[PDB]
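Taking it in order: structure first as structure tokens, then the write-up.
Please treat every number below as a calculation from the coordinates, not as lab data. No Cβ is skipped: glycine too gets one built from the backbone with ideal geometry, and neighbour counts run over all protein chains shown.
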Amino acid sequence: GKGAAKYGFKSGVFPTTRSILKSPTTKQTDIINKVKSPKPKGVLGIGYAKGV
Amino acid sequence: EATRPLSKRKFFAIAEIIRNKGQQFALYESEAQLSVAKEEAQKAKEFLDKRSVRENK
RNA sequence: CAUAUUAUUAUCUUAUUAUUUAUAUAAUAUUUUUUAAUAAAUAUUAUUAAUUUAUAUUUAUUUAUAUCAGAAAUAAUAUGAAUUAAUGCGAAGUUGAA
RNA sequence: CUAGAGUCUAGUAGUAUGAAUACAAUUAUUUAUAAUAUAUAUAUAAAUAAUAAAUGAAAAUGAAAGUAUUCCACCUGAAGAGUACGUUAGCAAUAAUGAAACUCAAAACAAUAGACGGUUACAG
RNA sequence: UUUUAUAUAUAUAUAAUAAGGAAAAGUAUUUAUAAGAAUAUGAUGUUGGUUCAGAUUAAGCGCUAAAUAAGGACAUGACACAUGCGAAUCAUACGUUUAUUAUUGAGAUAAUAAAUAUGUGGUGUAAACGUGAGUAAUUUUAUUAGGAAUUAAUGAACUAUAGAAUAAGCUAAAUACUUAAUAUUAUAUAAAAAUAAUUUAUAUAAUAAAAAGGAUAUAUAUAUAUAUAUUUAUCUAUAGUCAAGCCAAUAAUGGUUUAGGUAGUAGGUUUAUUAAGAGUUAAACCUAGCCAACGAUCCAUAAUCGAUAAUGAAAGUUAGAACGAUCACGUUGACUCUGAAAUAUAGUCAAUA
Ligand SMILES: [Mg+2]
Ligand SMILES: [Mg+2]
Ligand SMILES: [Mg+2]
Ligand SMILES: [Mg+2]
Ligand SMILES: [Mg+2]
Ligand SMILES: [Mg+2]
Ligand SMILES: [Mg+2]
Ligand SMILES: [Mg+2]
Ligand SMILES: [Mg+2]
Ligand SMILES: [Mg+2]
Ligand SMILES: [Mg+2]
Ligand SMILES: [Mg+2]
Ligand SMILES: [Mg+2]
Ligand SMILES: [Mg+2]
Ligand SMILES: [Mg+2]
Ligand SMILES: [Mg+2]
């Protein structure tokens, strides 16, 4: 009963709603820009460095 | 950075050297071992040279 | 000293199974060399069933490795124990003077 | 208590108001310097004693038992018990670590009034 | 203060001088909400335990008991089980068996009626149901807008599209089985960039891997075939959906009176296996590592969790019955076939009864 307060006082779970399109569409430019933007390497980095 | 399982317990690989201070330590050790040596040799030469200069006296 | 169950193993035994060795006048398919029985036509010529022959697919036999589970040894996890250590309580008291 | 040396040496062993930082009103003494001309009943400091505020269950503390910060050690009713078992070291002695069941509603601390003591004196 | 004046040696001692004065009327929601009592003492204050007041239950028992509606109901011996049920269905897959009518002469063939699931076949029992033994994580649970090996020429069973559905054998016959025919990856060339690789396109190589007919009608012709249509099946391919396998990070009970543990152990390189990484398993060769007083290893105990239940003011604590999610198991252990997925409640072997 306490945990339900976190979710609007709702007891019981619906199944997680599915996505009609599992991946971003082409017309959705912003996700493409983030995907094809320069990858940051550093203190907060996502890929192997140049010489690594 | 996370990778495929590379062994029983190794699931990460080195991505970037943020700072190479350990490499600096290794290089500086290797350099120092002989860098001090040259100064020691010339110090010994100077010390014995002053010994001889006083010996003339 | 006695009972019980998991775990392991330079040990003993081993179902089945997996690979793995070797052997089959061992089989089955096809390929040869051949032997009988049968058909058509003027000596046959081919056909089926069997004889030898060398490629596959298995069977039996074996070589090695692992292997359920069983023993034997060890250890623990328990359960009981003559014999035995300490301490808790209480009954009205008994004895010392710490 | 153990070894080596001729009684000594070398030992084993490890018992029998935490530390630091910032701050915090006086008085009186001293104490050590710094001055100024014995006198400035001289100022700056630390030691000692009584305080104030503050703290505390109080006794009492009173520049710490106060206001705050940081680090460590320790405590969780009495008795069983620093006992048993196991381990750790030790020739051993010992030491360290260290429970559990049972029993109880106790137990303890400061202070108050008392009667008690060969407790002290003193009187009437 | 500041500015200057005299004097003395840019500076020093003295004397004087000072700019800061403005006025005006009118212009709620406040949030969350925590109480103690008895018992010490000759009496007081404090420490300190013990108990009580509250709510609840997977409840049990004592006494008692009316009707109705709803929610639950072997937590213990994953102990053993009498008896009956819980998984069948398809006759439009193939076969059989009759009755009538017609033609043929005991039968044969058609049409129509039936019977046949004790013969050959297709689909279904990987789910659901129950349970909580094992399991402290070597594959379990929870969470992440987490990943790759950058997961298969896998569709399991429907959708939307195209196509194809051939020949023999063995079965008594076939939609049963065999044999055969026909229908993404690796190379090489370039292009880029989300690049020190991937992707794209092209051209080759092999892809190269299948199938099945029944039910009705009709139309031909010569009962025989054949050819269309309607139905229901079958096979391949693209995508969608639903699904799977693997790894990471954080957390997940008590005992160190369990202090050292680990030799496939920790890491590297190859090979086999897999759709796929990895000492996961098997082989080989190297290095000496890895975990550990922030508690390893070992032991005991336990299925885990929630938007579930109980409680509290809350942090939390407890349960894991009921509702729901995940895992494991179907008397015990190992292995094998099928399959995409199983050490299957299957099969073989063994153990127990
Ligand atoms: Mg009393
Ligand atoms: Mg009911
Ligand atoms: Mg049960
Ligand atoms: Mg029929
Ligand atoms: Mg049948
Ligand atoms: Mg199942
Ligand atoms: Mg078929
Ligand atoms: Mg291993
Ligand atoms: Mg259990
Ligand atoms: Mg639990
Ligand atoms: Mg369980
Ligand atoms: Mg439940
Ligand atoms: Mg139940
Ligand atoms: Mg099972
Ligand atoms: Mg049973
Ligand atoms: Mg089983």
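Of note:
- Dipole magnitude (debye, nearest 20) for chain B, charges at Cβ of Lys, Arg, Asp, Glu: 240
- Value of [θ]222 nm, deg cm²/dmol, for chain A, DSSP H segments ≥ 4, -39500 (n - 2.57) each, nearest 500: -3500 deg cm²/dmol
- Principal semi-axes in Å for chain A [√(5λ), Cα gyration tensor, largest first]: 38, 21, 10
- The Cα center of the range A:22-52 and the Cα center of the range B:1-42 differ in position by 30 Å.
- Within a Gaussian network of chain B (alpha carbon springs, distance under 10 Å), most fluctuating of B:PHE12, B:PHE25, B:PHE47: B:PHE12
- Karplus-derived 3J(HN,Hα) values for the range A:24-35, using 6.51 cos²θ - 1.76 cosθ + 1.60 with θ = phi - 60°, are x, 7, 5, 5, 7, 5, 4, 5, 5, 4, 4, 5 Hz; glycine and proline are entered as x.
- Per-residue ellipticity at 222 nm from helix content only, as computed over chain B with -39500 (n - 2.57) for each DSSP H run of at least four residues, stands at -23000 deg cm²/dmol.
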